[PDB]
Amino acid sequence: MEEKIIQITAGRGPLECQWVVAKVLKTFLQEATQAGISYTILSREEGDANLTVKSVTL
RNA sequence: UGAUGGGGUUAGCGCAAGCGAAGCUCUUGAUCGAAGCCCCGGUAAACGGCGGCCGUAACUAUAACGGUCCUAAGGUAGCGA
Ligand SMILES: [Mg+2]
Ligand SMILES: [Mg+2]
Ligand SMILES: [Mg+2]
Ligand SMILES: [Mg+2]
C-alpha cells in the first residue's frame, strides 16, 4: 500500500485557472473513487469567488 | 352418565377338547358436559417498545433528497457532555 500527498494549484494564474483547479479536482476524485485510492483533503485553499479553489492538497 | 367391546366365574351341554345361559364382577369409555385455553376484536395517564445499511447538492464539506431490509411502530415536541 502507498500513501502520497499531491497539490493542485492555480499558481499565479487568473480566476479561470482558479476555477479549473476546482473542476480538475472533482474529476480527480471521480477517478480516485474508481481507482480505490481513498482521498482526503489536508488544505483546501478557497479562491477569490464562489466555487473557486486556489489550491487543494490531497 | 355408562354404549358398545374384551375378559373372570359356572348351570347346562359336551367321549372331549371345548361352547357358554342368567346373575355377579374386572376392564373398555359411545353419548352429555360449563368455564377456561386456542380463536375474533378492543385497551398503553395498562405492564411495555419506539430501527439498519448505501448513495446523493456549479468545489471541498454536509446531506434537504433517494434505493431496500426489516419492524407492531421506528423517539414527535421539548431538552441534550
Ligand atoms: Mg465533487
Ligand atoms: Mg390507541
Ligand atoms: Mg426534534
Ligand atoms: Mg465539559
Side-chain angles (χ1 to χ4, degrees):
Chain A
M1 183 278 288
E2 278 154 281
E3 71 76 20
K4 270 200 194 178
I5 297 145
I6 67 173
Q7 184 178 2
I8 322 171
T9 178
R12 270 187 168 171
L15 273 175
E16 305 85 295
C17 290
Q18 283 213 280
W19 193 269
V20 55
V21 176
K23 299 319 209 163
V24 177
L25 173 45
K26 176 181 216 203
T27 306
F28 178 83
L29 313 181
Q30 214 55 40
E31 265 163 7
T33 57
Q34 63 74 10
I37 299 178
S38 179
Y39 75 92
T40 192
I41 288 175
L42 312 179
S43 177
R44 182 195 178 199
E45 273 181 352
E46 170 155 68
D48 277 315
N50 288 291
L51 315 173
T52 61
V53 298
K54 206 157 176 181
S55 49
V56 176
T57 67
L58 279 298

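The figures here come from the full heavy-atom set of this structure, side chains too, leaving out hydrogens, waters and symmetry mates. Convention: sequence-line order gives letters A, B, ...; per-chain numbering from 1.
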Criterion side chain to side chain contact (heavy atoms under 4.5 Å, CB included) on A:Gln18 and A:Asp48, from CA distance to verdict: CA-CA 8 Å; A:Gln18 283 213 280; A:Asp48 277 315; 3.4 Å; yes
Remaining members of hydrophobic cluster (4.5 Å side-chain criterion), A:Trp19: A:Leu51
A:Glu46 CD to A:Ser55 OG distance, which is reported to the nearest 0.5 Å: 11.5 Å
Co-members of the apolar cluster containing A:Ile5 [side chain, <4.5 Å]: A:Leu42
Approximate separation, where rounding is to 0.5 Å, of A:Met1 CE and A:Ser38 OG: 10.0 Å
Gap between atom CD1 of A:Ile8 and atom CZ of A:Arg44 - 0.5 Å precision: 12.5 Å
Path from A:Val53 to A:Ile41 over hydrophobic side-chain contacts below 4.5 Å: yes
Under 3.5 Å: donor-acceptor pair, side chain of A:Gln34, backbone of A:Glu31: yes
Interatomic spacing from CG in A:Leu15 to NZ in A:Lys54 - rounded to 0.5 Å: 9.5 Å
Gap between atom CG of A:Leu25 and atom CD of A:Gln30 - 0.5 Å precision: 11.0 Å
Hydrophobic cluster identity match, A:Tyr39 and A:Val21, side-chain contacts under 4.5 Å: yes
Backbone of A:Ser43 reached by a side-chain donor or acceptor of A:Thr57 within 3.5 Å: yes
Spacing of CZ belonging to A:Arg12 relative to SG belonging to A:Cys17, to within rounding of 0.5 Å: 13.5 Å
